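Shown below, as structure tokens, is a lone chain in the form deposited in one PDB entry; questions about how it binds or moves come after it.
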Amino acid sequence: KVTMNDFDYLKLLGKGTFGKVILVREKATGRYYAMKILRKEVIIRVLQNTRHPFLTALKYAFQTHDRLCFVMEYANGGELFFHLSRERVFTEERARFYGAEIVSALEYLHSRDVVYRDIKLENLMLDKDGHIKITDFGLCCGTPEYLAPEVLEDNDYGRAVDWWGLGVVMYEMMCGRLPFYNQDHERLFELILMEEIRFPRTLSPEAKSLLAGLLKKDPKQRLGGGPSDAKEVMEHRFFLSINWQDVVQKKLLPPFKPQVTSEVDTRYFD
């Protein structure tokens, strides 16, 4: 049985309002993980069985006296946000790559009736090979939150929000900025609900089409909002050059290589 004594503490990753996430190293294998620690009283499974190439795998689950613990695989490449910062913007192809691996992960979750709710830049990390890895920690606080219109209006967390999350993630990936950066976050609520989102002229016709689809205010009209879920997204023009069987297989070549020697290389951890 796993316990607190099988790990060496290294650093905090995301903080408590619901618990903590800390970077640790399993003493026996020397491998690294992110330990989620949930306050049992501050809280006054699906996730654990959902395995997928671009989804962070749960390694261990144990309980302490008044704490819930989830030891999870920690990607070695840095957090996408870090990489996006350096490049400022990704090539539509670089974005298409990542956007493709997310769509794959989302089609899988939706197939299992699971709505992810947290598709967003900060939840994206790159693994040792440069393949995307979606996480459930909480890096960065004051980063403008971009909840789906149907969330802000009806607190509806249908599967459509994941496509919206994808849209906001793709937009910032190809536009180098959030849809409404030019405006203070105070009016962000009315904006998301009633403001048409503008796109850079440099944006390819296909890419403008994707985003406008992923970012429609009406869930039912949104790209991926129709009954065939991910099909609509997978078969959109922007993804013509995509071999879906190739992506889930990790046959595709990462547009960028992290620079880590192996999942033990404490580089990106800092």
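The term rigid core refers to the maximal set of C-alpha atoms that superpose within 1.5 Å between the two forms. For every residue, the number given is its place in the sequence shown, counted from 1.
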item	value
Other PDB entries, at least a third, lacking residue 167	no
Residue 140: gap in at least one third of other compared structures	yes
Gap size between residue 141 and residue 140, counted in deposited residues that the entry leaves unmodelled	10 or more
Chain break class at residue 28/residue 29 - deposited residues not modelled	none
Mean C-alpha temperature factor, higher of 178-186 and 123-131	178-186
Given 148-156 and 195-203, the range whose Cα B-factors average higher in the PDB entry	195-203
Highest recorded Cα temperature factor - choice among 47, 230, 212, 55	47
Modelled-residue ranking by C-alpha temperature factor, third containing residue 252	highest
Ranked against its chain, the third holding the CA B-factor of residue 101	lowest
CA B-factor placement of residue 220, once the chain's modelled residues are sorted into thirds	lowest
Chain thirds of CA B-factor: placement of residue 88	middle
Cα B factor band for residue 172 (lowest, middle or highest third within the chain)	lowest
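The form deposited in another entry exists for this protein as well; it is not shown, and the discussion that follows is about that form.
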{"property": "Which one of 67, 237, 220, 208, by Cα shift of 2 Å or more between this form and the one not shown, core superposed", "result": "67"}
{"property": "Per-residue C-alpha change between this form and the one not shown, residue 153, threshold 2 Å, rigid core fit", "result": "no"}
{"property": "Yes/no, residue 180 Cα shift of 2 Å or more between this form and the one not shown with rigid core fixed", "result": "yes"}
{"property": "Large Cα move at residue 254 between this form and the one not shown, threshold 2 Å, rigid core", "result": "no"}
{"property": "Residue pair residue 182, residue 187 - Cα distance in the other entry, closer or farther (3 Å or more)", "result": "closer"}
{"property": "Sense of the change in Cα distance from residue 182 to residue 148 in the other entry - at least 3 Å versus the shown form", "result": "closer"}
